[PDB]
Engineer: 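Below is a structure I'd like to ask you about.
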Amino acid sequence: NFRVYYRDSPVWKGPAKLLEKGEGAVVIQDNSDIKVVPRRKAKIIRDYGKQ
Amino acid sequence: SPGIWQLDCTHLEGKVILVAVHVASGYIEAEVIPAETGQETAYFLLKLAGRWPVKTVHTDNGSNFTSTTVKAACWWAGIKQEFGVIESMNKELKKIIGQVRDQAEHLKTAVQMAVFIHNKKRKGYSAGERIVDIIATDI
Amino acid sequence: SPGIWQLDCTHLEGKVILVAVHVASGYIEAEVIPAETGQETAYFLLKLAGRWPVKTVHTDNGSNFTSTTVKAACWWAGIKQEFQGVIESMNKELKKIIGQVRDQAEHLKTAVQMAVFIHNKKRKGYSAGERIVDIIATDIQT
Amino acid sequence: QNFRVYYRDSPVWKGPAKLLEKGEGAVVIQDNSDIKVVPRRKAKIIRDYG
Ligand SMILES: Cc1ccc(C2CC2)c(-c2ccc3c(c2C)CCCO3)c1[C@H](OC1CC1)C(=O)O
Ligand SMILES: Cc1ccc(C2CC2)c(-c2ccc3c(c2C)CCCO3)c1[C@H](OC1CC1)C(=O)O
Ligand SMILES: [Cl-]
Ligand SMILES: [Mg+2]
Ligand SMILES: [Mg+2]
């Protein structure tokens, strides 16, 4: 339902699987790697045109 | 299919022209973007998606169409991406642009005049009439 | 009437938002213009006119809508200008949806087009985008 | 039916004006009841489309 786009360290990377959303960070899986990204550096985008 | 679109960029006078075509009707939308980037391409798709039932967009492997910014726009708007109707349409667009180029100072004005002429020319319906007919029939 | 539109400008974050609304359907188009000038208004109308059967546009007495450059665009595209308050209620509706989704995007122009998407696709029954296509195609097919 | 010409001769674009002739460097127009000669670069000749 959701997809997460994020920046490490400038170019936006993604889409990545959303595993968990916290108060100050989000846990995602981009390909085969699990990453912990701060909220300010991640965009969680819902598929709105579908549903 | 009423929801199939083709997007590609063409260039004139050193400027970038992003052209979208409704394949089933030949209706076109065009915009002069300040840079051929994924951010400008994604912003173009958002405007297109909120306007027509955009289900599938077919582009080449340009770095602006394969960018992450476009993937987020297509995902949010519910658009599927696939990687010569648009290329033949760019030739038609540049033809009409040259016919009206001297009538305006800015290239972007001649572009929108050319899109106007294309979408309103009958044969019989015009391209602008066909896309509205096709989409309303699908509803 | 399928060819009546209303255009007006609203402001958010110091930027100018030019909004066009199809009165019969409530369908809207919006674009962030770099300046509230007649040249940007006329370029917006050309894009609008080559897209829908734009026959009459209702605006206020702003110096950008009464400019000569807009008159030339309307004459070339065959548009008549007139100077229910649909656009004023629509500016509130657009800015309402913009504020609801503003944090989802960096650029204001992105939130603008998301809000236009949300408005034209919302069912409450046809949607705004479905009504304008239904109204215009009915006039074409008949 | 015919054409309209928009022109500047001091600021704000003036017109529409009747088109009489288009030259290499000037255009002969009639704005209302007055005959004017305007350079090409200060005149927009727009064909009646739509
Ligand atoms: C500046 C910027 C950088 C990265 C991205 C995407 C991959 C992460 C976007 C972007 C693009 C499309 C889109 C959304 C966003 C967030 C969210 C909802 C609707 O579809 C943007 C965007 O600008 C672009 C639109 C012209 C913005 O304003 O944030
Ligand atoms: C820069 C400029 C100054 C004056 C005018 C108007 C006074 C007569 C125009 C203009 C406006 C509308 C229009 C046409 C033109 C020539 C031609 C045919 C189609 O409708 C422009 C125009 O820029 C505007 C369009 C954004 C341009 O690029 O010349
Ligand atoms: Cl956390
Ligand atoms: Mg290409
Ligand atoms: Mg106003």
Side-chain angles (χ1 to χ4, degrees), chain B residues 10 12-15 17 19-22 25-32 47 51-52 88-136, chain D:
Chain B
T10 190
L12 273 181
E13 307 179 6
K15 298 181 178 299
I17 308 175
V19 185
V21 54
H22 186 254
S25 65
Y27 164 92
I28 64 177
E29 289 183 14
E31 198 91 27
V32 179
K47 290 186 293 187
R51 185 149 51 212
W52 309 104
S88 170
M89 208 65 59
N90 291 340
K91 291 188 179 183
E92 172 74 5
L93 185 64
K94 292 168 141 178
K95 170 186 170 187
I96 309 172
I97 288 175
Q99 294 176 350
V100 304
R101 184 64 191 92
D102 68 323
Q103 303 182 21
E105 171 188 355
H106 304 307
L107 169 65
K108 62 176 185 181
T109 305
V111 169
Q112 306 306 329
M113 294 170 64
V115 177
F116 186 98
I117 294 164
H118 171 79
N119 293 340
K120 306 289 180 169
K121 186 58 183 67
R122 304 262 278 263
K123 60 175 62 167
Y125 311 145
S126 64
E129 285 174 340
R130 286 196 295 269
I131 180 181
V132 177
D133 172 53
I134 290 173
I135 290 173
Chain D
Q1 269 289 72
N2 45 321
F3 288 3
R4 287 127 129 272
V5 178
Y6 302 88
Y7 66 103
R8 305 167 94 173
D9 276 329
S10 189
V12 54
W13 283 90
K14 297 154 74 178
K18 191 178 199 161
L19 174 61
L20 303 175
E21 193 217 10
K22 184 187 84 170
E24 269 287 341
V27 171
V28 182
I29 61 180
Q30 181 182 50
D31 190 70
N32 306 329
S33 304
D34 303 351
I35 307 293
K36 302 188 182 180
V37 183
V38 178
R40 288 289 297 273
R41 64 198 177 82
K42 294 181 136 37
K44 292 286 179 57
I45 303 170
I46 316 299
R47 182 164 61 93
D48 196 1
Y49 205 78

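Chain A is the first sequence line, chain B the second, and so forth, proteins listed ahead of strands; every chain is numbered from 1.
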Engineer: Donor-acceptor pair, distance only, cut-off 3.5 Å: does the side chain of B:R130 make one with the backbone of B:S25?
Structural biologist: yes

Engineer: Does D:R47 reach the main-chain N or O of D:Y49 with its side chain, forming a donor-acceptor pair under 3.5 Å?
Structural biologist: no

Engineer: Could you state the interatomic distance from CD1 (D:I29) to OH (D:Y6), rounded to the nearest 0.5 Å?
Structural biologist: 11.5 Å

Engineer: Non-hydrogen contacts under 4.5 angstrom with chain D: give the residues of residues 109-117 of chain B involved, or none if there are none.
Structural biologist: B:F116, B:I117

Engineer: Quick one, B:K94 with B:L12, criterion side-chain contact (heavy atoms from CB on, under 4.5 Å). Give me CA distance, side-chain angles, the key distance, then yes/no.
Structural biologist: CA-CA 8 Å; B:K94 292 168 141 178; B:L12 273 181; 3.9 Å; yes

Engineer: With a 4.0 Å cut-off, would you call B:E13 and B:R101 a salt bridge?
Structural biologist: yes

Engineer: Quick one about D:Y7 and D:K36 (side-chain donor to acceptor, distance below 3.5 Å, no hydrogens or angles considered), yes or no?
Structural biologist: yes

